[PDB]
């Protein structure tokens, strides 16, 4: 090995390969953003002419370009695949992937094997991006083109929301440990796919079109289809509708040997202008195109919505065969259907063909019941595909407040984790002050109030923008039972008291002002922090933004919320079983999901410890002699060289900090000690631990606290 220049990627990871990487807390940094600090994409796309945008995309779709000629004269099918692949990286386990940031245009997604030829697809839409400019993000354009493709070929969609904000660096995501494209080191037990992954091989969207590891067994492939799509939030009906609906259009490409296809875009030479997979087979495009290596045309109407896919699937018997590149596919038996499938460039007709994974829809008993019903009753397919496609393309959009434009449909959807509209006037400054005082007089402790507010708000994750304190779901299943939230039953007492305050305030309230339980949860935390900072000699007011509303249990999909349960929350010194990495790594990952910077994470940990927010009120990291007091004691004591730290003899993830007399003075976890050990984190601790730092600490803590309380408040942004 050799070390490289930083401009060629050399850096400190080379010398200390396992080191904590704080880069995850400064993704998409503002200096790399070419737009002004005042740029507001929502404001820009709110003024776009959707009708003109559609007509322009329709012109692109029927104007073949010589560097990638249009199959059947229509790019729609290619744009549908492009959009499905943009949304198809989404995973429920961390909410990462999806189309919400336009990450398909960056590495590694722009160069995954399964995204072959989408480099040309995205290039075909530059004339639209060029015309609409800052009013249209690549992120929106990529999925809207797929939506327009459907509509122009005869499928009416449920609707569409704009608002995906373009980014300028790829989000770095763990896609698997495999160091070879298409590799597989991600299964254990009886075909247990490693969490958090949602594809069966490195660089695939979901499954292998030739069957598991290339064995074209449709029954076995259905197992992989069902589980990967489950991990992408799709059930059996949704999964079958998406595959049938997608393969109603277009064709696969495998006209010649795959070893004639050159390097992927990130590996390709400069003259290719960001395109990859240059092919020396024939013309390398169009009639000679190679993408997957498979050569299937599912329907006799590749540019039209109808029920041909299932009529063909069930109307023939299927035989294993090979594409011109040598990949497995299926063809109709006994020369049946000869010549009935049209050629993309006017050649002679061909025979019916299907992927092994299409046959899964007929061979798997559950998919068979679903798809045979749609064979007999096609209007049910149209309905389920419209709902599943809408979900797929919007799954990572966050609260519905973020959806913009004239195509947004009004209906509420359970999967959107809906919260009720505001139905009364909101508390003002006087009512907020009164509620603060009442909660402070209620007998709830600073620790209880801060812990509950943090438990509610910190359920948010910035990947797919799910979770948060809006909805008041801390009192509903499953959040009320989460181990980190309610180890001992204390949470139910906090919930009851706040509900009593909600009832007495609302029944006595002036005019038409009413307050939600969800707001009171957050306000309670803000009140306790004002109390604790007063105990520490600081008169501060904690910001509070009203307007959260209270979801019902019936409006809360308990199975869907399961993925939001923390297995680790270093801010509460909580480490459950099953995490992929040691505690300090899980801490930074949590800070990343909360969109926190390193200074924000550092101040939050120090303040939460001394406020008593620790899981089970454990003393780990509680480096203070004061109770219910917002001081910078955590940082001061962390830097005290009078304390000698050793791993606890119990070998239990904890440490003992002894003073000069050999007496144990403090105890701590890996999450606590990492702030005193890591050279970048320790530098932040020395800011907040200095003699002059206590006012800055209180100010920076409150700002970070307020940020977390507001993470999901897109209703006011």
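We call the rigid core whatever largest set of C-alpha positions still superposes within 1.5 Å between the two forms. Residue numbers count along the first chain shown, from 1.
Across the superposed structures in 4 other deposited structures of this protein, aligned by the core, the stretch whose Cα atoms lie more distant on average is 482-490, chosen from 604-612 and 482-490. Where the structures in 4 other deposited structures of this protein are fitted on the rigid core, 503-511 is the one of 503-511 and 105-113 whose C-alphas sit farther from the shown form on average. Higher mean CA B-factor, judged across 636-644 and 466-474 from the recorded values: 636-644. Stretch comparison (198-206 versus 276-284) by mean CA B-factor in the PDB entry places 276-284 on top. In this structure the maximum Cα B-factor among 613, 521, 441, 82 is found at 441. In the deposited coordinates, the residue among 303, 104, 458, 512 with the greatest CA B-factor is 512. In the PDB entry, a CA B factor belonging to the highest third of its chain's modelled residues is recorded for residue 577. Annotation for residue 541: CA B-factor lies in the highest third of the chain's modelled residues. Looking at the C-alpha B-factors along this chain, the one for residue 584 belongs to the lowest third.
Residue 325 sits in the highest third of its chain by CA B factor, as recorded in the PDB entry. Annotation for residue 693: C-alpha temperature factor in the middle third relative to the rest of the modelled chain, per the entry.
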